[PDB]
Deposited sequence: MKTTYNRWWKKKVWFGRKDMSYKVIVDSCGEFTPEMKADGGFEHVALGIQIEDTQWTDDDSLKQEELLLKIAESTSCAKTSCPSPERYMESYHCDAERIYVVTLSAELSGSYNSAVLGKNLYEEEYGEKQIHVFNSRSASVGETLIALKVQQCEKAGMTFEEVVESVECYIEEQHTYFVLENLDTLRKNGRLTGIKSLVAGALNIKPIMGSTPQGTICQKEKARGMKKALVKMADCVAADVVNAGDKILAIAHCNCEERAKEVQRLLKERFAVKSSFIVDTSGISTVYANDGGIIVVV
C-alpha cells in the first residue's frame, strides 16, 4: 500500500532521487521582477533568474500558490495526501493549502489530506518530505505519519547566512530584527520554533560567519546520528562543501546532501547564500 503523494510548494528543493521517485510533486509559487512574471518550476533556470535580479533596480516580489491549484493537486488516485509548505509566518502558502483542502472536501468529499506547516523554508521542506516518505516505508498509518512528521518538524532547526538580506528585509520577512556597522559584517540567521526569522550570531566576513553558523548548528542539534543534514546553496557550491566539512567536524549525522536553491529560495537567499537544516 504505497497509495500516497507528497506535495511540496516550489520553495522546497527536490534532490535528483526525489525527482525520479514519482511520489513527490511540486506546487509552484510565482515570481515577479519588474514587468516579468515567472512560475517557479524546472523551466526557470537559476542563471536567468540571478541575472534578472542583478539588473532590476526594484526588489523582486513573490506570490504563494492559489487554493485552487492545491485542491487540484489533491485530486488524484493516491489515498493519502501530505502537503509540505513554507513557514506560515513567512508566506501564505500554508493557509492556501489548508483552504485548498476545504475546497476539495466541498467538491469531492472527505479525503486523508494533511498540510504540514514546515516552520522553515528551502531544504527544511525537503527534509520533511523525505521524513514523510521514510514514515510511509516503515508501514505507518496515515495518522501515525502525521504525528511522527510533526515531531520531526519540532526537532528541526534552520540556519542561514546570506550576502544580501535586502530581499527578505524589503518584503517584510525580517520584522523585529535590528538591521550598519562593519561593511563585511555577516549575520548568522535562523528559525524560531514558531517559524519566524531571528539573528543567532554575527561575524566580520563570510569565512568567520560560516564557522559561527557551524557552531550554532552544533549547539542545538540532538541525536544527530538519527538525522539527515541538508545544505542549500545559491551559486556557491564550494562554500556549501566547506560548510559541510565544518559541520562534520562538530557532529556525526546519518547522511547529508547539498542542493541548488529553488527559484523562491534563490529570490530570497540571493547570490552566495547558504542554508543549513538538521
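In this chain the deposited sequence has gaps in the coordinates at 1 to 18, 198 to 199, listed in sequence order.
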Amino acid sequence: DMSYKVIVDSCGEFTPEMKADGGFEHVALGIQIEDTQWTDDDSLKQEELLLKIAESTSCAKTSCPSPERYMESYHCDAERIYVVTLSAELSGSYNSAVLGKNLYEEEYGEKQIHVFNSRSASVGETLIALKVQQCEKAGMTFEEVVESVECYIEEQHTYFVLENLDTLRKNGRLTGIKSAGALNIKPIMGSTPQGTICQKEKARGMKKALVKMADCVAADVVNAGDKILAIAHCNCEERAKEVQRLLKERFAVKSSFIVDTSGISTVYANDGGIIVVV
From here on, numbers count along this sequence of modelled residues.
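When the two stretches 98 to 106 and 169 to 177 are set side by side, the higher mean Cα temperature factor goes to 169 to 177. The stretch 57 to 65 shows the higher mean C-alpha B-factor when 232 to 240 is compared against 57 to 65 in the entry. Taking only the listed residues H114, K207, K200, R119, the entry reports the highest CA temperature factor at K207. Ranked by C-alpha B-factor against the other modelled residues of its chain, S256 falls in the highest third.
Annotation for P187: C-alpha temperature factor in the highest third relative to the rest of the modelled chain, per the entry. Remark: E25 belongs to the middle third of its chain, ranked by C-alpha B-factor as recorded. In this PDB entry, the Cα temperature factor of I264 sits in the bottom third of its chain's modelled residues, the lowest group. The PDB entry assigns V145 a C-alpha temperature factor belonging to the lowest third of its chain's modelled residues.
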